[PDB]
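Have a look at the structure below, then the notes.
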Amino acid sequence: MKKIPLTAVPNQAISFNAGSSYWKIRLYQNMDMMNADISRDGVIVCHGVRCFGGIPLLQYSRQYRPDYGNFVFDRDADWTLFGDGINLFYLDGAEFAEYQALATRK
Amino acid sequence: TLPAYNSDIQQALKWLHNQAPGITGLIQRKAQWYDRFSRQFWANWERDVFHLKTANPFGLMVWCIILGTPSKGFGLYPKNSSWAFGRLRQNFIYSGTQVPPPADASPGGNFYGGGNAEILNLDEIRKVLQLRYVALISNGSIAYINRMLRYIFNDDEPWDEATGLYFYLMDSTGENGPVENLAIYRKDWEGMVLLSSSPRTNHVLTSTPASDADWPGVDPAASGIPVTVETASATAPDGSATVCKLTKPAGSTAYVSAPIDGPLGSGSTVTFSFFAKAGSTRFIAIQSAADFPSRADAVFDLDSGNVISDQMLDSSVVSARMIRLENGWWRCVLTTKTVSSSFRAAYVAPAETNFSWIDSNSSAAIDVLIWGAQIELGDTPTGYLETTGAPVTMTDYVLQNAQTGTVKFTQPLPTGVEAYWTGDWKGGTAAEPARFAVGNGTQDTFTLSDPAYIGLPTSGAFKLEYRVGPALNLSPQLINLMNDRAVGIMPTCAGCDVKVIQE
Amino acid sequence: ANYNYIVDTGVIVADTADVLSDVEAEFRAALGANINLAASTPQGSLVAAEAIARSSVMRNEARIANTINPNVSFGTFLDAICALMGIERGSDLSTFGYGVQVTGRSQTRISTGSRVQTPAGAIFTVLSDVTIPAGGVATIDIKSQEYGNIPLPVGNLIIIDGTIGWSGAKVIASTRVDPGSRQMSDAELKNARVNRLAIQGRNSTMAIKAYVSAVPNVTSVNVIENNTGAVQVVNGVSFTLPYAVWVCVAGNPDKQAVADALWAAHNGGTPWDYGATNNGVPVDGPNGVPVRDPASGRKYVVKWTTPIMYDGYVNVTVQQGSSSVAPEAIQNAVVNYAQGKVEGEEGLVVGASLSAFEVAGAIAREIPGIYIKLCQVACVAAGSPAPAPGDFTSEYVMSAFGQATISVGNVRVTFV
Amino acid sequence: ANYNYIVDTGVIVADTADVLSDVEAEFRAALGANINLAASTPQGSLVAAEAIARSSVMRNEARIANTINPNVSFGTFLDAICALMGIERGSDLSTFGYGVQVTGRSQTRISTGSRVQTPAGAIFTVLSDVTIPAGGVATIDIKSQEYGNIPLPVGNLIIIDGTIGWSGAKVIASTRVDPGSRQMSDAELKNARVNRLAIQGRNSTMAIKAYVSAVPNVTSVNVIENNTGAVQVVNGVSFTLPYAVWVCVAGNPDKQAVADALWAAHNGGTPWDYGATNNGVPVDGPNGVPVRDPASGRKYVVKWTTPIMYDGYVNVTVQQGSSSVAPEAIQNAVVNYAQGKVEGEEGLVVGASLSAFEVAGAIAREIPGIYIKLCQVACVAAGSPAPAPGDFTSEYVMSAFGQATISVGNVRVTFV
Amino acid sequence: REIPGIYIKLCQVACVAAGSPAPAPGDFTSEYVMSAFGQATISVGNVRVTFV
């Protein structure tokens with residue numbers, strides 16, 4: 001579990017080395033939700049991912065496998081409450097597998 | 001997220017263009033077009049996506065690709081294109097060489113809608129598609145499939161068995177065949193009144209007082225004389241002129257209390273009932289006693305038939321109810337539960353005002369006609385029993401022969417009284433009263449009547465069958481397509497051949 | 001100029017600055033290379049209009065691009081998807097109290113929206129105007145301002161906005177307090193979807209195990225399946241039927257609750273068999289227990305068997321160590337282990353054998369330091385004479401439909 | 001100017017375009033009625049740009065609307081449809097265990113030690129080891145990338161290491177795992193959607209097929225339920241027992257994993273019939289894989305079969321017309337179709353039958369304009385030589401049990 | 001091409017002069033070679049599809 005630092009701006013982009021990979025997330029307000037563009041190692045992984053609390057950002061096995069990890073919002077994404085109140089957490093491969101195991105019987 | 005979204009198109013149009021018929025017109029109509037082709041487009045597209053409401057056939061066929069259903073058996077496209085027989089359908093289209101405006105007999109006609117395999121109503125297409133999805137998800141549960149079928153076809157409403165809606169699935173279980181939970185009622189001048197197999201007691205000493213000395217009249221205020229009970233020559237519901245009349249004098253707050261063996265019991269539900277006739281007043285006040293001051297009160301409007309007030313000075317009150325009787329007679333039943341055993345008497349008061357209590361003021365003397373008091377244990381009123389200074393105990397019936405259902409009564413049924421039963425027997429449920437006997441006066445044993453619906457065992461291993469139709473009047477095409485095992489619509493388990501068929 | 005904002009990896013939406021720059025370039029190429037595209041000019045107004053356009057559509061497409069994936073759907077799309085498995089989002093109603101008993105004076109008139117209050121918040125607005133009759137007492141109808149199951153208990157109601165003449169309000173037990181509802185959110189919708197998936201992602205055996213273990217007072221479960229098409233005692237029970245499943249439930253649970261859970265987890269068609277004689281205790285007679293399907297009033301009979309109870313007896317011949325110990329502590333440790341209160345070891349669940357080595361392990365686990373010389377276990381029927389010396393063996397194996405309960409009085413401790 | 005809704009035939013919302021006339025009529029009656037809408041004028045350029053933008057908006061909305069249904073969707077849009085029913089595209093990796101390493105004692109091998117097999121294996125050491133005084137220890141290692149060529153057991157070369165590290169070999173006692181890659185599945189995912197459309201279900205023939213397909217390295221499966229149980233034969237393949245399900249599993253998965261999946265989709269009281277001698281190939285003969293019931297009780301038996309291997313051939317006669325030369329692009333198309341990379345037509349599966357017309361259609365969809373003349377196929381058993389030109393016919397029955405395979409050299413094309 | 005997924009068992013083609021009786025079953029061949037001064041047209045009614 002690694003919290004990704006954030007700032008309370010509507011549309012932004014953050015790049016960092018997490019889980020032995022170069023991740024880049026661009027978070028922007030789209031209508032009345034937040035959408036995220038996620039790119040790993042330059043090549044883009046997904047566009048227009050609608051962000052929700054507890055629900056992982058990378059949802060297809062073609063992206064977060066093997067052991068790449070995933071990103072989770074504790075609450076529904078809202079840039080007005082970025083920095084405090086709302087966080088984005090990065091899970092490694094094993095920890096995301098554990099999270100999915102707890103998540104599949106809810 | 002939160003701080004609005006704008007995106008109005010009309011926003012471009014500054015204060016300068018307030019009297020323009022030009023730029024303003026251009027922006028108006030461009031905005032209208034974008035509205036029609038985005039907001040209306042996605043609104044009716046969401047209506048397309050919604051399976052609960054998919055009148056549009058495009059949505060139905062979208063969903064049938066999604067689920068993999070063969071569309072050959074479907075009846076989409078607009079109807080009214082077949083001639084067949086009748087003025088409500090098409091006719092033979094001939095060679096209209098001159099092109100008459102009426103388009104000869106008809107503008108067309110085709111054999112579209114070949115039956116015995118094909119269903120036409122679009123409402124049932126959504127039904128079969130949702131059935132396919134339920135088959136897709138199903139792990140084989142029978143309770144789940146019954147509940148989903150109820151939810152999809154009856155929209156999750158309970159139904160009567162006189163109609164006979166959907167039934168079970170593959171589970172070799174006979175529902176019944178023994179006989180249980182026999183609620184027997186009787187039809188008489190007291191209406192639908194159930195009977196008890198175990199002894200039941202009415203604790204009042206006298207339930208039809210003919211003299212003032214029969215019951216005392218208690219008055220804390222003692223401003224006026226107590227309410228006097230006098231034999232009134234009025235036809236009682238039993239068929240006699242034995243009713244009593246109770247009069248509350250002007251300025252009197254007294255109440256008549258029927259003597260009763262006490263205590264009634266600790267932590268026991270009690271029920272008070274009586275028969276009343278509308279008199280000078282319009283309503284009656286009832287009170288169930290308890291430890292001071294934990295009593296319960298209620299008032300019953302003899303005419304309008306409403307429990308317009310019921311008060312619980314403590315945990316006493318449970319429920320109140322009223323029942324009609326011909327010749328303008330009424331029965332008021334109050335059910336009360338208290339943890340104390342201070343039930344000394346039940347208080348009755350001819351009320352002046354519609355919320356008058358047991359001790360409210362009486363401007364004048366108001367008389368009411370009372371007959372047939374009964375205070376008893378349990379939580380449901382029962383048949384009237386004449387008590388003359390005796391807490392009378394009695395058993396209504398004994399089930400001598402369970403399997404054939406014949407029942408023995410303590411006394412023969414009076415000439416003209418009827419019987420009703422509710423429960424389950426012969427592998428069939430009857431949630432409504434069913435008649436099986438009419439009184440003759442010389443016989444007291446009577447056989448039960450058949451409830452309903454299918455024997456129910458359906459003996460077999462690894463296979464069963466549906467039951468449907470005499471309720472939903474479903475099209476025969478639905479049943480015929482349903483029976484087609486190759487379509488893969490029904491939820492099923494490998495190794496169980498379940499036919500659908502049935503009405 | 002629009003590029004491909006659709007692409008394959010979802011809808012790619014760009015900034016409105018880029019969109020506006022693209023529209024400005026288009027207008028500059030169309031009308032003139034040096035046209036004044038100021039917002040107050042007609043061309044600038046058209047540019048702003050087409051900049052609000054070409055972005056509203058971008059946002060809408062990115063909003064409803066992957067709407068068919070249920071893990072991220074929202075609103076009406078989620079309602080439509082969950083209506084396929086019957087999870088229907090409820091309505092947001094309010095408490096609808098009727099017949100609220102109000103006392104006033106003379107002919108006082110009560111107007112709409114007087115906003116009575118319960119003792120603990122919960123403002124209710126009166127929805128029917130009413131004039132109090134000459135008795136000074138009347139009944140009104142109120143609806144809660146908020147949503148959900150707002151409690152309206154019997155008692156006097158405090159008035160927030162009252163006219164002249166209204167004395168007070170109270171809720172007699174004759175009032176018909178109608179409960180409301182608080183809808184259900186998208187997180188709860190996904191909760192119910194994953195719950196339904198977990199329910200419908202099990203076979204017969206796992207479904208039976210989970211549902212029966214969910215029942216309270218159920219110590220343990222033993223589900224065994226024929227799957228042979230031939231009556232034989234393949235594992236403990238001779239399946240009197242070729243295609244069937246057999247179930248053993250421990251503890252002292254409620255018969256109706258266990259039957260209802262089994263019926264809800266029933267695969268169907270494959271019937272339940274009580275088993276042959278002495279294959280468990282076929283309770284509730286030779287016929288199965290009938291239950292009412294909550295779906296349709298149609299009953300079904302289901303069959304399950306309790307294990308044959310066994311009285312276990314344990315001899316131990318411990319040697320007292322430096323620390324003083326009491327035999328009652330030994331007995332308490334043994335019975336706790338058998339009941340399974342100890343972490344790790346299951347205990348004496350149904351289909352678990354009585355091992356003197358296992359109970360010696362439990363005794364050593366609870367009380368170290370003491371020496372163990374000889375530990376023996378034996379099993380007898382319930383309500384039977386205690387085994388004589390010599391009948392005590394080194395280990396007792398138990399069938400697949402039995403369970404042994406050892407009390408404090410069934411352990412003989414000898415301090416050597 | 002309109003959206004054409006193909007009611008039942010395509011489920012594709014089609015743009016109508018022709019928006020220029022509507023745009024011109026919009027400019028008219030708003031800017032007046034006598035506007036010279038001809039091109040080469042500022043208003044003409046405005047209308048042209050506006051019509052172009054409007055047609056683009058229509059096309060994009062049509063594409064997004066059509067992405068809801070498959071057969072017209074693509075990655076991350078069809079992926080959402082697959083995730084609606086739980087279908088996953090797939091991932092992979094493959095490590096190797098228990099590699100013997102001999103060197104001097106008390107030497108610590110650093111992480112990421114290179115180890116190249118003879119055909120450029122390029123295996124990496126993932127975890128550090130220390131050599132015990134015995135001189136020979138065991139290390140674990142992984143392949144560098146998605147693909148790893150099968151490492152013949154030899155002395156693995158040492159490239160990057162410490163000073164003392166002597167050598168490391170490979171033995172059959174080492175473990176293995178087989179990778180599976182390459183969207184996995186890209187466009188055959190549309191084919192697999194109709195198969196695994198009931199993954200979320202259980203205890204049914206379709207659910208069994210879906211789950212056993214979801215097992216990795218399972219190219220195809222066939223499931224027969226034989227529900228009118230009277231022994232007999234139903235839909236091909238004779239059945240000894242009346243009620244029994246027969247599963248034919250192609251590919252080369254792991255027996256343990258596929259057995260676990262088959263037990264997970266169990267149906268309850270259906271046995272597994274896989275006899276009738278030639279019908280399929282028994283995986284372990286009588287008394288197949290035991291597996292353990294997750295609801296704890298006994299070691300059951302699950303019986304499935306492997307299809308009979310078949311070798312196919314193709315003879316093609318083409319004209320190489322239309323001045324388009326393609327010498328040996330024919331067999332690539334044939335083998336792609338056989339392997340199932342084409343859309344909507346699953347390749348050589350257990351229930352498939354080698355058909356000349358299908359081979360011709362695949363050849364044509366890959367490259368048109370050659371005027372295929374003859375496409376005789378024929379087929380033989382797993383061994384056997386070429387079936388001679390006499391055997392080459394138009395079709396093979398290819399009964400439900402059995403899987404055909406077309407090698408790259410088994411296709412011979414002739415120019416005429 | 002146009003309808004993938006369907007499986008075809010047997011396909012036969014034949015050519016006849018215009019305005020002539022349709023050839024009887026068995027006269028069809030697996031491929032018809034055609035001269036250099038003709039065209040062949042198939043209408044909706046000249047295709048016989050049987051569902052096996």
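Ordering of the structure tokens sets the chain letters (A, B, ...); residue numbers start at 1 within each chain; ligands are numbered from 1 in the order shown.
With chain C fixed and chain D moved onto it by least squares, the Cα RMSD over every paired residue reaches 17.7 Å.
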task: Using only C-alpha atoms, find the residues of chain D whose closest atom to chain E is at most 8 Å away, then write them as a VMD selection string.
output: chain D and resid 343 to 346 355 357 to 358 361 to 362 364 to 365 373 395
Skipping near chain neighbours, those fewer than 5 positions away, what residues fall within 8 Å of residue 50 in chain A using only C-alpha atoms, listed as a tab-separated table (two decimals) with N, CA and C atoms, in the first residue's frame?
```
chain	number	residue	atom	x	y	z
A	33	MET	N	-17.87	13.21	-12.84
A	33	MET	CA	-16.96	12.26	-12.21
A	33	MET	C	-15.52	12.66	-12.52
A	34	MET	N	-14.59	11.81	-12.10
A	34	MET	CA	-13.18	11.94	-12.43
A	34	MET	C	-12.76	10.81	-13.34
A	35	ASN	N	-12.09	11.15	-14.43
A	35	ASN	CA	-11.53	10.16	-15.34
A	35	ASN	C	-10.01	10.17	-15.22
A	36	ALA	N	-9.41	9.01	-15.46
A	36	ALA	CA	-7.97	8.84	-15.31
A	36	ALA	C	-7.39	8.17	-16.54
A	57	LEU	N	-8.61	0.74	-10.48
A	57	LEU	CA	-8.56	1.51	-11.72
A	57	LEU	C	-8.30	0.61	-12.92
C	63	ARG	N	-18.07	9.62	-20.78
C	63	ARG	CA	-18.94	9.26	-19.67
C	63	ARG	C	-19.61	7.92	-19.89
C	72	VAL	N	-18.11	-0.72	-12.89
C	72	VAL	CA	-17.91	0.73	-12.96
C	72	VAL	C	-19.12	1.47	-13.53
```
Sorted by chain and rising residue number, list the residues of chain A at most 12 Å from chain C (counting only C-alpha atoms), each with its closest atom pair and distance in Å to one decimal, as JSON lines.
```
{"residue": "A:10", "atom": "CA", "partner": "C:15", "partner_atom": "CA", "distance": 11.4}
{"residue": "A:11", "atom": "CA", "partner": "C:15", "partner_atom": "CA", "distance": 8.9}
{"residue": "A:12", "atom": "CA", "partner": "C:15", "partner_atom": "CA", "distance": 10.9}
{"residue": "A:26", "atom": "CA", "partner": "C:14", "partner_atom": "CA", "distance": 11.1}
{"residue": "A:27", "atom": "CA", "partner": "C:13", "partner_atom": "CA", "distance": 11.4}
{"residue": "A:28", "atom": "CA", "partner": "C:15", "partner_atom": "CA", "distance": 9.3}
{"residue": "A:29", "atom": "CA", "partner": "C:59", "partner_atom": "CA", "distance": 9.6}
{"residue": "A:30", "atom": "CA", "partner": "C:59", "partner_atom": "CA", "distance": 6.0}
{"residue": "A:31", "atom": "CA", "partner": "C:59", "partner_atom": "CA", "distance": 6.3}
{"residue": "A:32", "atom": "CA", "partner": "C:63", "partner_atom": "CA", "distance": 9.0}
{"residue": "A:33", "atom": "CA", "partner": "C:63", "partner_atom": "CA", "distance": 8.3}
{"residue": "A:34", "atom": "CA", "partner": "C:63", "partner_atom": "CA", "distance": 9.6}
{"residue": "A:35", "atom": "CA", "partner": "C:62", "partner_atom": "CA", "distance": 8.3}
{"residue": "A:36", "atom": "CA", "partner": "C:12", "partner_atom": "CA", "distance": 10.0}
{"residue": "A:37", "atom": "CA", "partner": "C:12", "partner_atom": "CA", "distance": 8.1}
{"residue": "A:38", "atom": "CA", "partner": "C:9", "partner_atom": "CA", "distance": 10.4}
{"residue": "A:39", "atom": "CA", "partner": "C:9", "partner_atom": "CA", "distance": 10.9}
{"residue": "A:43", "atom": "CA", "partner": "C:9", "partner_atom": "CA", "distance": 11.2}
{"residue": "A:44", "atom": "CA", "partner": "C:9", "partner_atom": "CA", "distance": 8.3}
{"residue": "A:45", "atom": "CA", "partner": "C:9", "partner_atom": "CA", "distance": 7.2}
{"residue": "A:46", "atom": "CA", "partner": "C:9", "partner_atom": "CA", "distance": 5.2}
{"residue": "A:47", "atom": "CA", "partner": "C:10", "partner_atom": "CA", "distance": 4.9}
{"residue": "A:48", "atom": "CA", "partner": "C:11", "partner_atom": "CA", "distance": 5.7}
{"residue": "A:49", "atom": "CA", "partner": "C:10", "partner_atom": "CA", "distance": 7.8}
{"residue": "A:50", "atom": "CA", "partner": "C:72", "partner_atom": "CA", "distance": 7.0}
{"residue": "A:51", "atom": "CA", "partner": "C:72", "partner_atom": "CA", "distance": 8.0}
{"residue": "A:52", "atom": "CA", "partner": "C:72", "partner_atom": "CA", "distance": 7.3}
{"residue": "A:53", "atom": "CA", "partner": "C:187", "partner_atom": "CA", "distance": 8.4}
{"residue": "A:54", "atom": "CA", "partner": "C:187", "partner_atom": "CA", "distance": 9.2}
{"residue": "A:55", "atom": "CA", "partner": "C:71", "partner_atom": "CA", "distance": 7.3}
{"residue": "A:56", "atom": "CA", "partner": "C:71", "partner_atom": "CA", "distance": 9.1}
{"residue": "A:57", "atom": "CA", "partner": "C:72", "partner_atom": "CA", "distance": 9.5}
{"residue": "A:58", "atom": "CA", "partner": "C:72", "partner_atom": "CA", "distance": 11.1}
{"residue": "A:59", "atom": "CA", "partner": "C:71", "partner_atom": "CA", "distance": 8.5}
{"residue": "A:60", "atom": "CA", "partner": "C:69", "partner_atom": "CA", "distance": 10.5}
{"residue": "A:62", "atom": "CA", "partner": "C:9", "partner_atom": "CA", "distance": 11.9}
{"residue": "A:63", "atom": "CA", "partner": "C:9", "partner_atom": "CA", "distance": 11.4}
{"residue": "A:75", "atom": "CA", "partner": "C:187", "partner_atom": "CA", "distance": 10.4}
{"residue": "A:76", "atom": "CA", "partner": "C:187", "partner_atom": "CA", "distance": 9.9}
{"residue": "A:100", "atom": "CA", "partner": "C:194", "partner_atom": "CA", "distance": 11.9}
{"residue": "A:101", "atom": "CA", "partner": "C:198", "partner_atom": "CA", "distance": 11.9}
{"residue": "A:102", "atom": "CA", "partner": "C:194", "partner_atom": "CA", "distance": 11.4}
{"residue": "A:103", "atom": "CA", "partner": "C:194", "partner_atom": "CA", "distance": 8.5}
{"residue": "A:104", "atom": "CA", "partner": "C:194", "partner_atom": "CA", "distance": 6.6}
{"residue": "A:105", "atom": "CA", "partner": "C:198", "partner_atom": "CA", "distance": 5.8}
{"residue": "A:106", "atom": "CA", "partner": "C:195", "partner_atom": "CA", "distance": 5.8}
```
Convert the current residue selection to file output with N, CA and C atoms, as a short mmCIF file (atom, residue, chain, number, x, y, z; two decimals), in the first residue's frame.
```cif
data_model
loop_
_atom_site.label_atom_id
_atom_site.label_comp_id
_atom_site.auth_asym_id
_atom_site.auth_seq_id
_atom_site.Cartn_x
_atom_site.Cartn_y
_atom_site.Cartn_z
N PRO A 10 -8.16 20.61 -10.63
CA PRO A 10 -9.15 19.79 -11.36
C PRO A 10 -8.52 18.76 -12.28
N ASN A 11 -7.55 19.17 -13.09
CA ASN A 11 -6.95 18.31 -14.10
C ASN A 11 -5.43 18.38 -14.01
N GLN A 12 -4.80 17.23 -13.82
CA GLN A 12 -3.40 17.14 -13.45
C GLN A 12 -2.82 15.83 -13.96
N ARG A 26 -3.01 10.62 -15.26
CA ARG A 26 -3.57 11.94 -15.52
C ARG A 26 -5.02 11.92 -15.07
N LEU A 27 -5.33 12.68 -14.02
CA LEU A 27 -6.66 12.72 -13.43
C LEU A 27 -7.33 14.03 -13.80
N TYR A 28 -8.55 13.94 -14.33
CA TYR A 28 -9.25 15.14 -14.76
C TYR A 28 -10.74 15.03 -14.50
N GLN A 29 -11.35 16.17 -14.18
CA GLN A 29 -12.79 16.24 -13.99
C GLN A 29 -13.49 16.16 -15.34
N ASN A 30 -14.37 15.18 -15.49
CA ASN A 30 -15.14 14.96 -16.70
C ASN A 30 -16.61 14.93 -16.33
N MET A 31 -17.37 15.92 -16.81
CA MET A 31 -18.75 16.12 -16.36
C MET A 31 -18.83 16.17 -14.84
N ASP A 32 -19.35 15.10 -14.24
CA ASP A 32 -19.52 15.03 -12.80
C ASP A 32 -18.87 13.80 -12.18
N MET A 33 -17.87 13.21 -12.84
CA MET A 33 -16.96 12.26 -12.21
C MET A 33 -15.52 12.66 -12.52
N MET A 34 -14.59 11.81 -12.10
CA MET A 34 -13.18 11.94 -12.43
C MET A 34 -12.76 10.81 -13.34
N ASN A 35 -12.09 11.15 -14.43
CA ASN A 35 -11.53 10.16 -15.34
C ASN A 35 -10.01 10.17 -15.22
N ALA A 36 -9.41 9.01 -15.46
CA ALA A 36 -7.97 8.84 -15.31
C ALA A 36 -7.39 8.17 -16.54
N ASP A 37 -6.31 8.74 -17.05
CA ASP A 37 -5.52 8.13 -18.12
C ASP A 37 -4.27 7.54 -17.48
N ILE A 38 -4.08 6.23 -17.63
CA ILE A 38 -3.01 5.51 -16.96
C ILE A 38 -2.05 4.97 -18.01
N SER A 39 -0.77 5.28 -17.85
CA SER A 39 0.27 4.83 -18.76
C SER A 39 1.40 4.20 -17.95
N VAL A 43 4.19 3.56 -22.84
CA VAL A 43 3.03 3.10 -23.59
C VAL A 43 1.78 3.22 -22.72
N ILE A 44 0.72 3.79 -23.28
CA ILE A 44 -0.48 4.04 -22.51
C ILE A 44 -1.24 2.74 -22.28
N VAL A 45 -1.82 2.60 -21.09
CA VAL A 45 -2.55 1.39 -20.73
C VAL A 45 -4.05 1.56 -20.92
N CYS A 46 -4.61 2.68 -20.47
CA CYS A 46 -6.05 2.89 -20.58
C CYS A 46 -6.35 4.38 -20.61
N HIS A 47 -7.43 4.73 -21.31
CA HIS A 47 -7.95 6.09 -21.36
C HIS A 47 -9.33 6.13 -20.73
N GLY A 48 -9.67 7.27 -20.14
CA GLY A 48 -11.04 7.50 -19.70
C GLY A 48 -11.55 6.51 -18.68
N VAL A 49 -10.71 6.12 -17.73
CA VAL A 49 -11.14 5.22 -16.67
C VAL A 49 -11.93 6.01 -15.64
N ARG A 50 -13.22 5.71 -15.52
CA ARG A 50 -14.04 6.38 -14.52
C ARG A 50 -13.69 5.86 -13.13
N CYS A 51 -13.46 6.79 -12.20
CA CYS A 51 -12.83 6.51 -10.92
C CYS A 51 -13.89 6.37 -9.84
N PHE A 52 -13.78 5.31 -9.04
CA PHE A 52 -14.78 5.02 -8.02
C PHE A 52 -14.09 4.51 -6.76
N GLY A 53 -14.78 4.65 -5.64
CA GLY A 53 -14.19 4.27 -4.36
C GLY A 53 -14.09 2.77 -4.21
N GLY A 54 -12.91 2.28 -3.86
CA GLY A 54 -12.66 0.87 -3.62
C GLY A 54 -12.47 0.07 -4.89
N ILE A 55 -13.03 0.56 -5.99
CA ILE A 55 -13.00 -0.16 -7.26
C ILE A 55 -11.64 0.07 -7.93
N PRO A 56 -10.91 -0.98 -8.29
CA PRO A 56 -9.57 -0.78 -8.87
C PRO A 56 -9.65 -0.05 -10.21
N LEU A 57 -8.61 0.74 -10.48
CA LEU A 57 -8.56 1.51 -11.72
C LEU A 57 -8.30 0.61 -12.92
N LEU A 58 -7.33 -0.29 -12.80
CA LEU A 58 -7.00 -1.23 -13.88
C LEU A 58 -7.84 -2.48 -13.69
N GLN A 59 -8.73 -2.74 -14.64
CA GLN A 59 -9.79 -3.71 -14.42
C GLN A 59 -9.69 -4.95 -15.29
N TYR A 60 -8.92 -4.91 -16.37
CA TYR A 60 -8.81 -6.06 -17.24
C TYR A 60 -7.47 -6.74 -16.99
N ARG A 62 -5.39 -7.99 -18.74
CA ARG A 62 -4.34 -7.62 -19.67
C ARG A 62 -3.46 -6.48 -19.16
N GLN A 63 -3.87 -5.79 -18.10
CA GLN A 63 -3.16 -4.61 -17.63
C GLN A 63 -2.42 -4.81 -16.31
N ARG A 75 -12.45 6.58 -1.37
CA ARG A 75 -13.78 7.13 -1.59
C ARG A 75 -13.91 7.53 -3.06
N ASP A 76 -15.13 7.91 -3.43
CA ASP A 76 -15.38 8.37 -4.79
C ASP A 76 -14.53 9.59 -5.10
N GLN A 100 -8.21 -8.41 -4.17
CA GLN A 100 -9.22 -9.02 -5.02
C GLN A 100 -9.87 -10.22 -4.34
N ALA A 101 -9.07 -11.01 -3.63
CA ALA A 101 -9.62 -12.16 -2.91
C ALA A 101 -10.63 -11.71 -1.86
N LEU A 102 -10.32 -10.63 -1.13
CA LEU A 102 -11.31 -10.09 -0.21
C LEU A 102 -12.47 -9.43 -0.95
N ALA A 103 -12.25 -9.00 -2.19
CA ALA A 103 -13.24 -8.24 -2.94
C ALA A 103 -14.23 -9.10 -3.70
N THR A 104 -13.94 -10.38 -3.88
CA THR A 104 -14.78 -11.24 -4.69
C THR A 104 -15.89 -11.95 -3.91
N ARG A 105 -15.95 -11.77 -2.58
CA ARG A 105 -17.00 -12.38 -1.77
C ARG A 105 -17.85 -11.35 -1.05
N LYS A 106 -17.67 -10.08 -1.37
CA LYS A 106 -18.44 -8.98 -0.80
C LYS A 106 -19.87 -8.94 -1.32
#
```
- request: Record the distance separating CA of residue 330 in chain D and CA of residue 47 in chain E, expressed in Å with one decimal.
  value: 28.9 Å
message: Please check the contacts: residues of chain C at most 8 Å away from chain B, using only C-alpha atoms, listed as a ChimeraX atom specification.
response: /C:40,42,45-46,48-50,52-53,55-57,77,80,83-86,99,135,137,172-174,200-203,243,263-271,290,293-296,298-302
message: Going by DSSP on the backbone, which residues of range 184-399 of chain C come out as strand (DSSP E)? List them as a ChimeraX atom specification.
response: /C:221-225,245-249,289-292,299-302,308-316,354-355,375-381,395-396
message: Residues near residue 276 in chain C, anyone? I mean within 8 Å using only C-alpha atoms, not counting same-chain ones fewer than 6 positions away, as number ranges by chain.
response: C: 237-240
- request: Would you mind listing what lies within 9 Å of range 15-24 of chain A as a VMD selection string, with only C-alpha atoms counted and same-chain residues fewer than 6 positions away left out?
  value: chain A and resid 2 4 37 to 42 44 67 to 69 90 to 93
For range 122-127 of chain C: contacts at 6 Å, only C-alpha atoms, fewer than 4 positions along chain excluded, given as a list in words: residues 112, 113, 114, 115, 116, 117, 118, 141, 142, 143, 144 and 145 of chain C
- request: Would you mind writing down, as a list in words, each residue of range 314-393 of chain C that DSSP on the backbone assigns to alpha helix (DSSP H)?
  value: residues 327, 328, 329, 330, 331, 332, 333, 334, 335, 336, 337, 338, 339, 356, 357, 358, 359, 360, 361, 362, 363, 364, 365 and 366 of chain C
Residues within 6 Å of residue 193 in chain B, only C-alpha atoms, excluding chain neighbours under 6 positions, as a PDB file with C-alpha atoms, in the first residue's frame:
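Generated file (result_37.pdb):
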```pdb
ATOM      1  CA  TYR B 185     -64.161 -21.398  10.308  1.00  0.00           C
ATOM      2  CA  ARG B 186     -67.944 -21.448  10.457  1.00  0.00           C
ATOM      3  CA  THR B 382     -64.070 -17.240  18.522  1.00  0.00           C
ATOM      4  CA  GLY B 383     -67.657 -18.478  18.547  1.00  0.00           C
TER       5      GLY B 383
END
```
